Amino acid sequence: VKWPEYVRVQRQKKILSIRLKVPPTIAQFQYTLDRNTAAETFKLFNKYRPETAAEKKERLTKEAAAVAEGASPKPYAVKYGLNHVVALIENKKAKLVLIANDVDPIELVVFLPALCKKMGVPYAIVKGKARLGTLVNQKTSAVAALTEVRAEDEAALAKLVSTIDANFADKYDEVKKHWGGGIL
Amino acid sequence: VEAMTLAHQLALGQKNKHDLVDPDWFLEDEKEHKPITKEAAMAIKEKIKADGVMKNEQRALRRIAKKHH
Amino acid sequence: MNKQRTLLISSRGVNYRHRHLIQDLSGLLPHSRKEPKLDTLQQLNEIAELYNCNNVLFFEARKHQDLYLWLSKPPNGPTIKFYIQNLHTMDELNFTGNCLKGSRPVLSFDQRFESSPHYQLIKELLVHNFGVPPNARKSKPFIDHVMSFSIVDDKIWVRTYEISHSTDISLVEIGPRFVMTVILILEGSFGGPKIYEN
Amino acid sequence: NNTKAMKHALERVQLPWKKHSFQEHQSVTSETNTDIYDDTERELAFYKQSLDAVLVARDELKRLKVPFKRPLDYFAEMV
Amino acid sequence: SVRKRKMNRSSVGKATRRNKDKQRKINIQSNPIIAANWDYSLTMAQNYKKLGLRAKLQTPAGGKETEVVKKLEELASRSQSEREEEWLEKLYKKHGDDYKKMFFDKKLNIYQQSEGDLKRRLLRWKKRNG
Amino acid sequence: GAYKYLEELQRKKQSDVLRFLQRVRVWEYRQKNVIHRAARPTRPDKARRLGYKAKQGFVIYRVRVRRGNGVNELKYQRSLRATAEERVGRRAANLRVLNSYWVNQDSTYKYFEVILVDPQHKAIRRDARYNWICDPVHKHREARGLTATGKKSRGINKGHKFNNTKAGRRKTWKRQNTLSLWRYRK
Amino acid sequence: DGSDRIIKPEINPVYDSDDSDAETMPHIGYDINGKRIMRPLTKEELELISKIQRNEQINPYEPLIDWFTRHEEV
Amino acid sequence: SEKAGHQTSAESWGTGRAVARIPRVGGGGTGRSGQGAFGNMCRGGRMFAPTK
Amino acid sequence: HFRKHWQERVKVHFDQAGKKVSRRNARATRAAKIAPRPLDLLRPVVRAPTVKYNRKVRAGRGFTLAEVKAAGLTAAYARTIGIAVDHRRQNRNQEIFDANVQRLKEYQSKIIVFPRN
Amino acid sequence: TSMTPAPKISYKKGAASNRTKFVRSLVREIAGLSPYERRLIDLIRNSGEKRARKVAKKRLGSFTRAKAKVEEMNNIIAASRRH
RNA sequence: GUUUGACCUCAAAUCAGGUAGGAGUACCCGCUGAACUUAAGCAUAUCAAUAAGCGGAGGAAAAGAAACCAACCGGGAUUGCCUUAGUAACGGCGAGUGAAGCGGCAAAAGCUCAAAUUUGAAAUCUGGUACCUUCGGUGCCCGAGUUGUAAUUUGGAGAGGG
């Protein structure tokens, strides 16, 4: 029998990753947040999805029409740009940081969890960059964070951060232990 | 082959011990994927053992030879 | 008692003529340590500790033709800034003699070296710097070469002679020959106040 | 520039060479051999100065039982 | 040549062009005043000297003002939008000369403009309006 | 900006994490063909500082080249990077080669990532900062050693150290080895 | 006369265990002091060579150390 | 012309052939074959001391 | 020095006259297209290095930023008026700096600028 | 006479730009040590700077970089052994 | 959920449109590349970093705005001509090879990105469609892009405000 070359290559890649020993900096992912807390975090984030192209165009057209005939508060939305997120982090401006575990360039995000830990900003790792992208109207984002949550959800965000602390930062505080991937 | 070269280099005082330390389808690639000395290569190889104008020109050349010889 | 090691390094701009002297000095100084080209100087203190070199012979070169040899001890030894003009080395064919590599030398010093404090000070360094420990790792038993030093016209002349025994004995000039002059002397190893100026 | 610094340096650098055998010194001062443009008499003067110390060292080694001449069975490297 | 020999022998003719004469007599085309006074008979340097304009600033290699009055004569020969004007009208009729109060007016002063900018705009509005 | 962190990390190539990354990537590329396209660059910072833009028209390619050179002692100074650039240009003659950067190497083969720009795409043609590459004079830059690696190989640099080839060795040789005669002989 | 300085201890020119150099017909030459040398690799070296030939090698699998990231930035 | 006379191929017929040693055009069956070339004495050949 | 094929490359400057005529025609064309302005930019007065020639005073590329600032204008605006500006030349002589400032001041007075429109 | 006209690029050698220093420290912590830095620290643990400096000089092209590398290794060890 | 969908990778279309081969080749840009000949017979050397061969461009091409040249009361993109000069330097100082700063002149144009958050609004762009005042412009729509498209900026600084 025979199989597609790309299929064989990708299948062998999984075996190589499983069997190969990885340094402590790698494998920090896949020790992801539990299903329940991740689901709650996604539910909270869904309330702050940034305005999409269609909605923004509709709002601008409505404003133009109103002006043609003759003071809203600051917009609130999740910040997801990797460069923008990294610029917000290290400035003590971000409250919650989400990191994807399936970034194609691993080195692109190895430092982000450690940088967040050094800065003390709460952070969590969730499975799948596609899930992060879906909630921000983009294919993938690899990261997601909140900066200005509404007062109505301030308590919810604080409780979520407190829960995530124990769920991820305390359970996986030993992620630096013996190199992972040691599977027969 | 390089093992013999390293052993030969270690035989003389050029370097010593201190200087030395100063899936199947994947292991196959790993196995298949430094300077060498001619003396070591030779040692390992040995160890592996179990007309008108023409006549005028000729006359002129003969005259020249007779004058100079 | 005589335990010493000499450190040799090349300064920026060292040319072929100076390289010949640096190379032929090693052939007669088995205890010497050779290191690659170095430049700005103070690192010599650390380099000496790296190889336990009790003496340093730094060949300063203000230009690509002039040569300036520095002789001192790493920890607290005085330094003399020599200047060499007649750069003759073993590359010249006039030195037809040959000497055993690593053989113990015989040192001869002119009596004029005792006539001034500066000459006496430099003589103390020269006596052991050009010598060789008898029972060192790379030392050799037999004596087969002689080093000669002389001073005239306020400049020291460096000369060496092979010793040949005939079937009583005769000596033949060998090795590099050059003249040196003392430019500056400092109280410390590449530092401290000036001691004497020529 | 003064002799005080020279004395201070000599007192700390000078070693007791005179208290050990000649083998540990290997240095001979050519007495009365106080050494130009001729290029011929200078060479002979240097030759004699070196020969005096050569003879002194030869006598010093003769005082010891170690052989002086090369055995002729020695074939080490030569510069 | 190969192609040239065939082209001459061929009946296609040649793309005859004659512009050598036009390569020298080049009409000035960067000024009407100079053109009306420029003389093609004289050289560029001679024309500049006659007109008075300096042809070269650096010292030329080798040995060598009515028009200027015309050049000098050439020296002698934007209102706020409707929304901005209305906004300035509201600012003036609600605060007046109280620039400090207007600066802290969160409602009208959505854009936190400085007192200097506000007074500068108000002065222009007063100049253009009542 | 996270690009500084990526640049700093890429400098510690000998690090264990980067060693493992190279070990995985060399095998991944060794399973693929000698020349194969890359969906996205593996070193975003290096490409970005080399003129890369995340817009339609830019293409990233990966090519494998054998290492090594007294029959085999002939130097054939043709550089591996220049050969890789020429090969990718020939395979992508419709594209234009801007530059390339080291991404990985193996004991037997080397790996380089090359950035290409399509001059036919209207995005590049309508971009003032990149429309220059569409000039015909820029055709096959790698083939004439106009790239960074090509220029470095030619030794075109300011200073006395490059006098022999400050403006091309052949041009200098032709200019110097020419008899100059004027109407009025000097 | 004189200047500020520290009198560092003298340097012993002893030869360490490793100095990039070794230590010293009817004979194999003459040794030190001039006497005739009358005529009459370790397994560790071979093992090291074999291991190097296959890149075999202490433990690299120690846990990471958060010496810097431990101190929260203020 | 710098190429005058040089646009020809010829080779000397050795020696002792009852013929001048001037190089002669090769080929055959054309008339020009066997005629002298490259010499100032040859018809249509390179002129002596070309006016550079 | 005739060990090479120099005869293949013997450059004889028969063109001197035609080249001079072409240069003059190019200058005339530039004047026609640059009639109001001078053909060459105002270059500064500078002193030469290589002490063998330091006694000589010669022109330079362009005035330094400090000279332009002291002249009462700006480097960006100076370029549009034809004043050469050098961003790498440092001033190291007060006498030369004063002469350059005076030259710039005189140039500013001699120039007449037409309306931008 | 001297004029001190204005500064240049060479005058931009100021402080370490503490943000860059933080980035470098984070990279060093996360990146780890190279195979030769591992040997350097292993010898420092028992042999000290003696062997580490020689190893750095052998690996590097000059002793000026070797001393800087030894100092960096010592600084890393000091924080790691206590913090 | 014994399910459905997100992605990432890889496929095929006679899918819609573009791009490449090749020719010419005096000059240009790279690779490759000898001999005859010249020397003290000759390996260094000279012929030669040439002849021929291969690849890639246009009316010119390359290079071009110093990690330069210099040691001065310092010059300030590259390129071209006289001179520097048959000097320095190289070469069994053997035949011979052999430069460059400066000086005089032609021309003189500077610049664009990476790396600090648009974050109070991916504001960027290809493509398809309906029109028009069709070298292109507008509305609509799918898409490229957040693993970074818009604005500003390169130490000559530069950025947030009055």
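Quick check on my filter: what residues within the range I:61-85 are within 10 Å of RNA strand K (Cβ to nearest atom), crowded, with 18+ Cβ neighbours inside 10 Å and not hydrophobic (A, V, I, L, M, F, W, C)?
Of everything in the range I:61-85, those that are within 10 Å of RNA strand K (Cβ to nearest atom), crowded, with 18+ Cβ neighbours inside 10 Å and not hydrophobic (A, V, I, L, M, F, W, C) turn out to be I:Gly62, I:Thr64.
So how many residues does the range A:100-115 have that are buried (at least 23 other Cβ atoms within 10 Å of the Cβ) and touching a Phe, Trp or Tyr at 6+ places or on another chain (Cβ under 6 Å)?
Matching residues across the range A:100-115 total 1.
Does the range A:171-184 include one or more residues that are over 14 Å from the mean Cα position of the chain (by Cα), away from RNA strand K (no atom under 11 Å from the Cβ) and among the aromatic types (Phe, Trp, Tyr)?
Within the range A:171-184, one or more residues are over 14 Å from the mean Cα position of the chain (by Cα), away from RNA strand K (no atom under 11 Å from the Cβ) and among the aromatic types (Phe, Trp, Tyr).
Looking at (1) surrounded by 13 or more Cβ atoms within 10 Å (Cβ to Cβ); (2) within 14 Å of chain E (Cβ to nearest Cβ); (3) more than 29 Å from E:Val68 (Cβ to Cβ); (4) within 8 Å of RNA strand K (Cβ to nearest atom), which is the one condition that is false for I:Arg58?
Among (1) surrounded by 13 or more Cβ atoms within 10 Å (Cβ to Cβ); (2) within 14 Å of chain E (Cβ to nearest Cβ); (3) more than 29 Å from E:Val68 (Cβ to Cβ); (4) within 8 Å of RNA strand K (Cβ to nearest atom), the lone unmet condition for I:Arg58 is (1).
Does any residue in the range D:43-59 that is facing chain C (nearest Cβ under 7 Å) come within less than 8 Å, Cβ to Cβ, of a residue that is in a helix (DSSP H, G or I) six or more places away or on a different chain, and which pairs are these?
D:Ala57/D:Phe22
Consider F:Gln14 carefully, then state whether it is surrounded by fewer than 19 Cβ atoms within 10 Å (Cβ to Cβ), within 14 Å of RNA strand K (Cβ to nearest atom) and part of a loop (DSSP other than H, G, I, E, B).
It is false that F:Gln14 is surrounded by fewer than 19 Cβ atoms within 10 Å (Cβ to Cβ), within 14 Å of RNA strand K (Cβ to nearest atom) and part of a loop (DSSP other than H, G, I, E, B).
Check whether at least one residue in the range I:84-93 is in contact with a helix residue (DSSP H, G or I) (Cβ under 8 Å, 6 or more places away or on another chain) and closer than 28 Å to E:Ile34 by Cβ, and report yes or no.
Yes: the range I:84-93 contains one or more residues that are in contact with a helix residue (DSSP H, G or I) (Cβ under 8 Å, 6 or more places away or on another chain) and closer than 28 Å to E:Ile34 by Cβ.
Out of the range C:108-122, which residues are in contact with a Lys or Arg (Cβ under 8 Å, 6 or more places away or on another chain) and hydroxyl-bearing (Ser, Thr, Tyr)?
The answer is C:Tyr119, and nothing else.
Strands (runs of 3 or more DSSP E) wholly in the range C:147-198 with at least 1 residues that are at positive phi and not charged (D, E, K, R) - which ones?
Qualifying strands (runs of 3 or more DSSP E): C:169-188, C:191-197.
Checking F:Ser107 against (1) within 30 Å of B:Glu30 (Cβ to Cβ); (2) surrounded by 12 or more Cβ atoms within 10 Å (Cβ to Cβ); (3) more than 9 Å from RNA strand K (Cβ to nearest atom), only one condition comes out false. Which one?
Every listed condition holds for F:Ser107 apart from (2).
Between E:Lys127, E:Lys93, E:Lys22, E:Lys70, which is exposed (fewer than 10 other Cβ atoms within 10 Å of the Cβ), in a helix (DSSP H, G or I) and within 12 Å of chain I (Cβ to nearest Cβ)?
Selected residue: E:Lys22, the only one of E:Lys127, E:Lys93, E:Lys22, E:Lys70 that is exposed (fewer than 10 other Cβ atoms within 10 Å of the Cβ), in a helix (DSSP H, G or I) and within 12 Å of chain I (Cβ to nearest Cβ).
Among residues belonging to the range F:24-42 that are facing chain A (nearest Cβ under 8 Å) and basic (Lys, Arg), point out the one that is nearest to RNA strand K (Cβ to nearest atom).
F:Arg40
Would you check which residues across the range F:151-170 are within 20 Å of I:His1 (Cα to Cα) and either among the basic types (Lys, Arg) or within 6 Å of RNA strand K (Cβ to nearest atom) (or both) and list them?
F:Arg170, the sole residue that qualifies.
How many residues does the range C:6-25 hold that are touching a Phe, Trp or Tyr at 6+ places or on another chain (Cβ under 7 Å) and within 14 Å of chain G (Cβ to nearest Cβ)?
Counting residues in the range C:6-25 that are touching a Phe, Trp or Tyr at 6+ places or on another chain (Cβ under 7 Å) and within 14 Å of chain G (Cβ to nearest Cβ) gives 1.
Going by the structure shown, is B:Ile44 aliphatic (A, V, I, L, M) and part of a helix (DSSP H, G or I)?
Judged against the criteria, B:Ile44 is a match.
Checking J:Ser34 against (1) surrounded by fewer than 13 Cβ atoms within 10 Å (Cβ to Cβ); (2) within 22 Å of G:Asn59 (Cα to Cα); (3) among the polar types (S, T, N, Q), which test does it fail?
(1)
If you go through the range A:86-121 one residue at a time, how many are assigned to a loop (DSSP other than H, G, I, E, B) and either of a type in the set (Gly, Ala, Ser) or within 30 Å of E:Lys106 (Cα to Cα) (or both)?
Of the residues in the range A:86-121, 6 are assigned to a loop (DSSP other than H, G, I, E, B) and either of a type in the set (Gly, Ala, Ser) or within 30 Å of E:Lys106 (Cα to Cα) (or both).
Looking only at the range J:5-24, filter to residues that are more than 8 Å from RNA strand K (Cβ to nearest atom) and of a type in the set (D, E, K, R); which one of those is farthest from G:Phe68 (Cα to Cα)?
J:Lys13
Condition test on F:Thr178, is it more than 7 Å from RNA strand K (Cβ to nearest atom) and within 14 Å of chain I (Cβ to nearest Cβ)?
Spelling it out, F:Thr178 is indeed more than 7 Å from RNA strand K (Cβ to nearest atom) and within 14 Å of chain I (Cβ to nearest Cβ).
Can you name every residue in the range I:1-37 that is within 9 Å of RNA strand K (Cβ to nearest atom), of a type in the set (A, V, I, L, M, F, W, C) and within 30 Å of H:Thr51 (Cβ to Cβ)?
I:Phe2, I:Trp6
Tell me yes or no: at least one residue of the range G:19-42 is over 30 Å from C:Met1 (Cα atoms) and within 14 Å of chain B (Cβ to nearest Cβ).
The answer is yes, given that some residue of the range G:19-42 is over 30 Å from C:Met1 (Cα atoms) and within 14 Å of chain B (Cβ to nearest Cβ).
Can you confirm whether J:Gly61 is under 25 Å from C:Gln42 (Cβ atoms) and within 16 Å of RNA strand K (Cβ to nearest atom)?
yes
Just name the residue that is farthest from RNA strand K (Cβ to nearest atom) out of those in the range I:86-117 that are β-branched (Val, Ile, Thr) and loosely packed, with under 14 Cβ neighbours inside 10 Å.
I:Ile112
Are any of the residues in the range F:133-146 assigned to a strand (DSSP E or B), near RNA strand K (Cβ under 8 Å from one of its atoms) and either farther than 20 Å from F:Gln56 by Cβ or more than 14 Å from every other protein chain (Cβ to nearest Cβ) (or both)?
Scanning the range F:133-146, I find no residue that is assigned to a strand (DSSP E or B), near RNA strand K (Cβ under 8 Å from one of its atoms) and either farther than 20 Å from F:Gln56 by Cβ or more than 14 Å from every other protein chain (Cβ to nearest Cβ) (or both), so the answer is no.
Residues are listed down the side, and each one gets a yes or a no for (1) more than 8 Å from every other protein chain (Cβ to nearest Cβ); (2) under 30 Å from G:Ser17 (Cβ atoms):
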position	(1), (2)
C:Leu87	yes, no
C:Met90	no, no
C:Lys101	no, yes
C:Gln111	no, no
C:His118	no, no
C:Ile122	yes, no
C:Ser139	no, yes
C:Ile151	no, no
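Is there a residue being out of contact with any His (no Cβ under 9 Å at 6 or more places or on another chain) and farther than 30 Å from F:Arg185 by Cβ anywhere in the range I:12-29?
Yes: the range I:12-29 contains one or more residues that are out of contact with any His (no Cβ under 9 Å at 6 or more places or on another chain) and farther than 30 Å from F:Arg185 by Cβ.
Which pairs have Cβ atoms under 8 Å, sit 6 or more apart or on different chains, and link a residue in the range H:24-41 that is farther than 16 Å from H:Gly14 by Cα to one that is among the aromatic types (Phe, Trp, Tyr)?
Close Cβ pairs satisfying both conditions: H:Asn40/H:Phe48.
Determine, yes or no, whether I:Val46 is near RNA strand K (Cβ under 9 Å from one of its atoms), among the aliphatic types (A, V, I, L, M) and touching a strand residue (DSSP E or B) at 6+ places or on another chain (Cβ under 7 Å).
yes
Here are some conditions: (1) surrounded by fewer than 10 Cβ atoms within 10 Å (Cβ to Cβ); (2) in a helix (DSSP H, G or I). E:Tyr111 meets all but one. Which one does it not meet?
The number of the failed condition is (2).
All Cβ positions, even for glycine, are placed from backbone atoms using ideal geometry, and neighbour counts span all protein chains on display. No value in this document is a laboratory result; all are computed from the given coordinates.
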